[PDB]
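Protein chains in written order, with PDB author numbering: chain Z, 10 to 118; chain D, 15 to 175; chain P, 1 to 35, 48 to 133; chain U, 468 to 488, 513 to 588; chain I, 147 to 243, 248 to 260, 269 to 292; chain L, 1 to 52; chain B, 109 to 192.
Ideal Cβ positions, reconstructed from N, Cα and C, are used throughout, including at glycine.
Below you'll find the structure, written out as structure tokens, and then a few comments.
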């Protein structure tokens, strides 16, 4: 009620947006960070916290993807390679602005 | 990829025991470390407060390019002067004044003006939909092909003999 | 890019530094005297790129957007364009629904005819 | 501007080409009288759009040039507006990056 | 030369608002990692009902496209399958997975009580006849 | 500006361009055609209530 | 003959209606889905500190731009030390 607006909201908008995206999540899920059942249930019950208003300083992004990986056993056991996850995150983060790079490359030649 | 204890304690519940849902912030808030600053300043002043690189000719970009060329020429002249008369100690002070110009340079040449034109392009966005509607017009033309099927009905009359 | 955020001072300083380096390699240090192909190619490429970039920047500045596209004007224009696009989409959807209903009726008649033909044999 | 080499010159050239960018006739588009702010104090209508898209007016679409240099609002025509001999498929007139 | 670009002001971060603000997933990103990690989802939505209706229409079409139903003078239009006939002897079964279809699996439905439960050899021969497609 | 206006624009995203090859300077390619008939056929090929 | 003609006509009409339904779904996803101006403004105001969601000059798909704010501020920062 009263404490929820100052404790949950302070740990929700800055939780699932920017920081711990799949760039370095392959080494953080194989060793064990949220593989617990209670933590997974809490993350699933709090999946609506990836707002864009705080998409710069968060705790751990991709809540739905993490839930799907925990359900399909794709986080702790599979996809533990750092290279694939890093390449995926690099192609996922700078993808919406690749249009400018492509336009500049086409205008150069 | 981490274990947030506060969010887990506030989210791990079955029933009405859990707290309210995580909503978005439309006003000032104290969400953790982020200040949640609203209405970020984007459009700065040109002639009110600092130097204006845009003349009254309504061409801000051309005037800014001319000002950049003049600044390069003045830098070359100042370098020539320092090579010819190196006793000037206040020249670096002018660099501090450049900071004021740097304010204007905050919207100088790279990635901020076209967004304004994008506003007009917003309307063109719906025009793009109209272009799709143009393709949808072909579907209406497909209704004319139904008349061809009606001819098949006539073909059903001629094939009966 | 026809935009204006942070390129003017950087481009001007880079052009000044490139011109200074070219003048130095041409007059101070090089095979002018004693009191190759790579440096010459780099200098020619830098000069051509600087000239083309200055010309393109001037052209884009002359062809950049004017003071048009204000806040309320763009808001009203986008609202009207959205209303027009929604009306066009509604008309197209009604036409497509009529066509799909006609196709479904034709398919139902064909299925009834086929069932009658199979039952008659 | 203190220490410059071949790698430094190449980096400066690449930065300049990234930041700033046989006839090569530059279409000197003059400030059009039909605008919105200091133009005709009128909203965007069909007249201004048709004048900026068909005539040589850089209002919304862009001032078209000769030699079939069609510069509309989103026309990526293969013109030669650059200062080089490469008449490649240039970006749109808006070039919203 | 430096502070004009390093300490400048970035854009409004339109990329994140265009990619992630639509939905809390990776729409504007590579879907290959999620496909190689996570499998498909249940397609048994109302889309499955639409696909079943489309399959029933395709079957109604193939009924006229294939040979006559004069075989045993008994048949039915199976929703998403191939119901052969009735009366026990020519008992219908489930035969599922343009593009005309073919019977995949059969089932014989006519002494002791427990008659039989293995159609293995008969099912394999039915599959071979279907793959022959003569 | 501000990355978004207070209006209802119509701009459809083409998310078929899933990055599968590491190309030069990005330049992704949209490959999935998303054909309704083909999608329905592919769905009924595997999800058509095989059991019942 | 009538059945074959009707079947061909129905196949053509079904292809047209499927294309129309795909276009309508795309238009609905384009119109009903939009970005928030205040959210983007807040992301720009809170992202202008580090290289988290800011678009660099040489930012192509797979460039050095990443989603995290910094290496020490995220892996060894409060999430790794205070939150583990």
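Quiz item: Between the segment 117-134 of chain D and chain L, which residues of the former have CB atoms less than 9 Å from a CB of the latter, in chain order?
Solution: 126, 129, 130, 132 and 133
Practice problem: Might you give, ordered along the chain, the residues of its own chain that have their beta carbon closer than 6 Å to the beta carbon of residue 63 (chain Z), omitting 5 neighbours on each side? | Solution: 22, 23 and 26
Quiz item: For residue 56 (chain D) and chain I, any beta-carbon pair shorter than 9 Å?
Solution: yes
Quiz item: Residues of chain U with a CB under 7 Å from the CB of residue 115 (chain Z): which are they?
Solution: 580 and 582
Quiz item: Nearest-angstrom Cα distance between residue 57 (chain P) and residue 69 (chain D)?
Solution: 34 Å
Quiz item: Between residue 65 (chain P) and the rest of its own chain, which residues show a CB-CB distance below 6 Å, the 5 nearest in sequence each way excluded?
Solution: none
Quiz item: Going along chain D, which residues have a C-beta under 8 Å from residue 9 (chain L)?
Solution: 136, 139 and 140
Quiz item: When the Cα of residue 213 (chain I) is compared with those of I:252, I:176, I:258 and I:196, which residue comes out closest?
Solution: I:252
Quiz item: Can at least three beta-carbon pairs, one atom from the segment 138-149 of chain B and one from the segment 148-168 of chain I, be found at a separation below 8 Å?
Solution: yes
Exercise. Could you tell me which of P:14, P:121, P:133 and P:19 sits nearest to residue 219 (chain I), measuring between CA atoms?
Key: P:133
Quiz item: Comparing the C-beta of residue 27 (chain L) with each C-beta of chain Z, is any distance below 9 Å?
Solution: yes
Quiz item: Using a C-beta cutoff of 9 Å, does residue 565 (chain U) count as contacting chain P?
Solution: no
Exercise. Please compile the residues from chain B whose C-beta is within a distance smaller than 8 Å of the C-beta of residue 161 (chain I).
Key: 161 and 163
Self-check item: Beta carbon proximity, residue 36 (chain Z) to chain L, threshold 9 Å
Solution: no
Quiz item: residue 12 (chain L) versus chain B: which residues are under 8 Å apart at the beta carbon?
Solution: 134, 135, 137 and 138
Exercise. Could you tell me which of D:85, D:122, D:97 and D:120 sits nearest to residue 178 (chain D), measuring between CA atoms?
Key: For residue 178 (chain D) there is no data in the structure shown, the boundaries of chain D being 15 and 175.
Quiz item: Is there a Cβ from chain B that is less than 9 Å from the Cβ of residue 62 (chain Z)?
Solution: yes
Quiz item: Is there at least one Cβ from chain P nearer than 9 Å to residue 44 (chain L)'s Cβ?
Solution: no
Quiz item: Can you find a CB in chain Z that lies within less than 9 Å of the CB of residue 31 (chain L)?
Solution: no
Exercise. Give the interface partners of residue 78 (chain Z) over in chain I, defined as CB-CB distance under 9 Å, in chain order.
Key: 180, 183 and 184
Exercise. Quick one: give me the first and last residue of the alpha helix (DSSP H) that residue 12 (chain P) is part of.
Key: 8-27
Quiz item: Mind checking if residue 125 (chain B) is an interface residue toward chain P, Cβ cutoff 9 Å exclusive?
Solution: yes
Self-check item: Buried/exposed call for residue 291 (chain I), threshold 16 Cβ in 10 Å
Solution: exposed
Exercise. Name the residue from I:231, I:223, I:187 and I:175 whose alpha carbon lies nearest to the alpha carbon of residue 260 (chain I).
Key: I:231
Quiz item: Of all the CB atoms in chain B, is at least one closer than 9 Å to the CB of residue 21 (chain P)?
Solution: no
Self-check item: Spatial distance of residue 96 (chain Z) from residue 29 (chain Z) (CA atoms)
Solution: 15 Å
Exercise. Examine chain B for any beta-carbon lying closer than 9 Å to the beta-carbon of residue 167 (chain I), and answer yes or no.
Key: yes
Exercise. Tell me whether the beta-carbon of residue 48 (chain L) lies closer than 9 Å to the beta-carbon of residue 197 (chain I).
Key: yes
Practice problem: Mind checking the segment 54-80 of chain P against chain U and listing, in chain order, the residues whose C-beta falls within less than 9 Å of any C-beta there? | Solution: 54, 55, 57, 58, 60, 61, 62, 63, 64, 65, 66, 67, 68, 69, 70, 71, 72, 74, 75, 76, 77, 78, 79 and 80
Self-check item: Helix, strand or coil at residue 33 (chain P) according to DSSP, with G and I counted as helix
Solution: coil
Quiz item: Can you tell which of D:97, D:100, D:44 and D:114 has the C-alpha that lies nearest to the C-alpha of residue 63 (chain D)?
Solution: D:114
Quiz item: DSSP on residue 23 (chain L), reduced to helix/strand/coil?
Solution: coil
Quiz item: Can you find a CB in chain E that lies within less than 9 Å of the CB of residue 111 (chain P)?
Solution: Of the protein chains in this structure, namely Z, D, P, U, I, L and B, none is chain E.
Exercise. Kindly say whether residue 3 (chain L), judged by its beta-carbon, lies nearer than 9 Å to any beta-carbon of chain I.
Key: yes
Quiz item: Can a CB atom of chain P be found closer than 9 Å to the CB of residue 542 (chain U)?
Solution: no
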